[PDB]
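Working through the structure, step by step
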Amino acid sequence: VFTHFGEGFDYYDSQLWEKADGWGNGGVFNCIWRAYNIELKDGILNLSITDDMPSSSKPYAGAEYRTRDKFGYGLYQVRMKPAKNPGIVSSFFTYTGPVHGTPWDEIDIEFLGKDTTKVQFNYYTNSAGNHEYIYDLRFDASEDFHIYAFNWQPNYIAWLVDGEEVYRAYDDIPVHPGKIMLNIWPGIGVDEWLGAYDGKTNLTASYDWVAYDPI
Ligand SMILES: [Ca+2]
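For this deposited structure, the header cites X-ray crystallography as the method used and 1.89 Å as the resolution.

Rendered as structure tokens:
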């Protein structure tokens, strides 16, 4: 049963959100997620990359903040300001995966820190990705908060920036409802895509609010 969802990041409510803590995604993600790199202050969600704890398997600690609940077709909106640095990604995306008994379906707004005048849109449907599209913003997303969105329908996904649609994709669209997830992370083995990360300290992607409306 999907219903309006609104989140202002005023307070952490463990029934609604989950601070990812003590696992990483592996592969190209060169960090473990730490609940301590999530901060809610003055109504802004701050997700940071820092140096990880001494006994971590990775050099860096990221943050990922994720809804308890899952969401279906409709309009997903974020008001956010990604981080700028080579070799990192600041994200708003939906995700479900084999662990939850479904195919890996996911829809992505990724800000490649190497160049925050661009956004990357992408989606995975039954694990099949390779739908990358880089949209030129003609502003620097790292300097101010802006509103990014996708409207996910059975037959397409539309992405939008500051209220206007800028890209639509038709091919093999995701099916299974997913959690909303926000993250920031440094990459490894992907110098071509992200640039090399340079260990620059205390990068923060900030998020003013998120909304979902079943339409
Ligand atoms: Ca807010």
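Back to the write-up after that little detour.
Section: the packing of aromatic side chains
Evaluated as defined, the whole model comprises 25 aromatic pairs. Ring centres 5.3 Å apart and planes at 55° place the aromatic pair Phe-71 and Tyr-212 in the tilted group. Taken together, the positions of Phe-71 in the loop between strand 6 (60-67) and strand 7 (74-81) and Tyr-212 in strand 16 (residues 203-213) put the pair 141 residues apart, joining distant regions of the chain. Between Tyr-73 and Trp-152 the ring centres are 5.1 Å apart and the planes differ by 70°, which places this aromatic pair in the edge-to-face class. Placement of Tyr-73 in the loop between strand 6 and strand 7 and of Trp-152 in strand 12 (residues 146-153) is noted, with a sequence separation of 79 residues between them.

Observations regarding the UniProt feature "active site" (unreviewed entry) in the protein chain
Sequence positions flagged by UniProt for "active site" (unreviewed entry) are, in local numbering, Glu-106 and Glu-110. Set against the largest pocket, the annotated residues named above that line it are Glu-106 and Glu-110. Its location among the elements puts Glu-106 in strand 9 (residues 105-112). Judged by its relative accessible area of 8%, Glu-106 falls in the buried class. Those residues in contact with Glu-106 that sit more than four places away from it in its chain are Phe-93, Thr-94, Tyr-95, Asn-122, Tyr-123, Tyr-124 and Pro-174. Setting aside its immediate chain neighbours within four residues, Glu-110 contacts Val-89, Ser-90, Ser-91, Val-119, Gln-120, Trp-185 and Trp-193.

About the cut-offs
Residues numbered from 1 in each chain as written, not as in the entry; some residues may be left out. Heavy atoms only, no water. Residues with missing side-chain atoms left out of burial classes, pairs and counts. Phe/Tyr/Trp six-rings, centres within 6.5 Å; stacked < 30°, edge-to-face > 60°. Helix = DSSP H or I, 4+ residues; strand = E, 2+ residues; numbered from the N terminus. UniProt positions renumbered as here; feature names shortened; annotations may be inferred. 1 Å grid on protein atoms, 1.4 Å probe; cavity = no way out; pocket = protein on both sides within 12 Å on 5 of 7 lines; lining within 4 Å. Buried < 20%, exposed > 50% of the residue type's maximum accessible area, 1.4 Å probe, protein only. Contact = heavy atoms within 4.5 Å.

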